[PDB]
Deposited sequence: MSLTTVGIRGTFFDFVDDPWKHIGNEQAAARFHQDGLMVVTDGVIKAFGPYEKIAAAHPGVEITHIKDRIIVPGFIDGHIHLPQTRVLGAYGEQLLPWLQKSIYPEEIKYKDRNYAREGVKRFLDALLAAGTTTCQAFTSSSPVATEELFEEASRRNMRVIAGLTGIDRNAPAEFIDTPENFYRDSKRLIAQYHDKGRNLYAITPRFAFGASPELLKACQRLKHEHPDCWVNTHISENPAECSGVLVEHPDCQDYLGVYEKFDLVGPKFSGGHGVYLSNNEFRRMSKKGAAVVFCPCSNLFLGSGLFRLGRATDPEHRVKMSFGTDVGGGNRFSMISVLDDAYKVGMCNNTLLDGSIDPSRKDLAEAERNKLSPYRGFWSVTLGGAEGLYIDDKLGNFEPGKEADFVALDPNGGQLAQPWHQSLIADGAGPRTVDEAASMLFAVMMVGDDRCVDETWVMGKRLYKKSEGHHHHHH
């Protein structure tokens, strides 16, 4: 039908920066002046301008000037029904769910409210740079239906599903394991793998899931092997204690999900925070992934996710970063990277022996430094592999879907542009590009997101 070509400064990844200590540039791919040829929303050719322009004689080239074009940000952990309540005051995980979250999520039972939230949810995500997300919904199929459908109109790849909740929640909010299986089964029928929609069996979290509800998820996963599994794991100490109480026959939090064959490829456990090295090794082995949500971890007091452990090359764990809106107070992955770096630097101090020498470990302390290479790989290619959708997204490789963002390195607080000028203007090398991207992360915010494209179509453009 149509074929357009995007021109400008491009920056993406072809490998994991963690795999290149002291030489991360090798994981990045930079084109000061490149051209991407997208046909019907699919990359067909990527490379330097001349060479590509020449191989494609008459294509309509759209020139995004003075920006750094990167792949659309992947957010592996948001709560759709929490879009309106992301700054609840005073509570840790548990009392907060009861006090501020459930009373709001219950409103999504009403289809009109659900439709409006879904609209605002997706608008906030686009204005933030996020083109793909794995979303939690409420226990009512309504919110899930409205989300998949509005996602279709914008034709965005999205992972979502009915979020079952069995115990420890209001009676009017929880719903029977039977109905959950029934509804999830219906929703998988109507939405899974239709267009860019992907379904995820979603037992909210062990603490709120009776063994019947989890047994239901097990059945669902068995009758629908292609479906994803999305949940929470080891986020709060009180939560961890309760879980082993609600599930007396299990050794660790991850053990609860393994008892039902939920752990393996396409499994995402939000908030590592309190996972043991054993639990990390097990996930690495089975291919399960963890979602690092720093903004939330800090806002709710959960703690410091051990980034250096999950990235251990001997037992590498698959990951995707997350905003965790509700728990987290920011919709942008750029804001997530800000807190992600902070958590990692605090970890660096805990592992260098400056305090307790017996806990020292420089290799891990080094892995906690979130460079612009590591941070941006994590919200794109890395997040794609962590969600097992790297065949469709992650970078500008031909054959992948064309979701992308035009970053304005000068956006953000007043201090940004004089800071960025330390590098005149436009980035001329992969190092200068990486250097400005770190400034986007730490000195700027969503004001750096100038344009958000989905399938070769520009859905957003900062006023």
{"item": "Stretches with no C-alpha position, numbering per deposited sequence from 1", "value": "1-2, 426-427, 468-475"}
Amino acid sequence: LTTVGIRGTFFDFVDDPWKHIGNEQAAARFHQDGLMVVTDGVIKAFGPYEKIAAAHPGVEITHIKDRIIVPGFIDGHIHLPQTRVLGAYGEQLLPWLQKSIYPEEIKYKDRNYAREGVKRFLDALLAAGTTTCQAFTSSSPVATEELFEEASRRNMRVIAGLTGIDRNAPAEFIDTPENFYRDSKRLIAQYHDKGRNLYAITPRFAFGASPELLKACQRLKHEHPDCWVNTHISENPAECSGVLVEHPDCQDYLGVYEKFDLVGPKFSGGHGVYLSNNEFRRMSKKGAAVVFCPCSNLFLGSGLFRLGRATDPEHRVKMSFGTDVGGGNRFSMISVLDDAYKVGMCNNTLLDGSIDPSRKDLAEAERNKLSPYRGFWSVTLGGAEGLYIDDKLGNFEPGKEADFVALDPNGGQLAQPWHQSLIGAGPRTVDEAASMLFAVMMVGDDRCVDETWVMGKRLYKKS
From here on, numbers count along this sequence of modelled residues.
| property | result |
| --- | --- |
| Segment of higher mean CA temperature factor, 245-253 or 319-327 | 245-253 |
| Given 288-296 and 188-196, the range whose Cα B-factors average higher in the PDB entry | 188-196 |
| Given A54, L437, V70, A415, the residue at which the Cα B factor reaches its maximum | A54 |
| Candidate residues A128, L213, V343, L370, the one whose C-alpha B factor the record puts highest | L213 |
| Record-listed C-alpha B factor of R182: chain third | highest |
| Within-chain third of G386 by Cα B-factor, per the entry | lowest |
| Ranked against its chain, the third holding the CA B-factor of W96 | highest |
| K360 by Cα B-factor - lowest, middle or highest third of the modelled chain | lowest |
| CA B-factor ranking of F396, expressed as a third of its chain | middle |
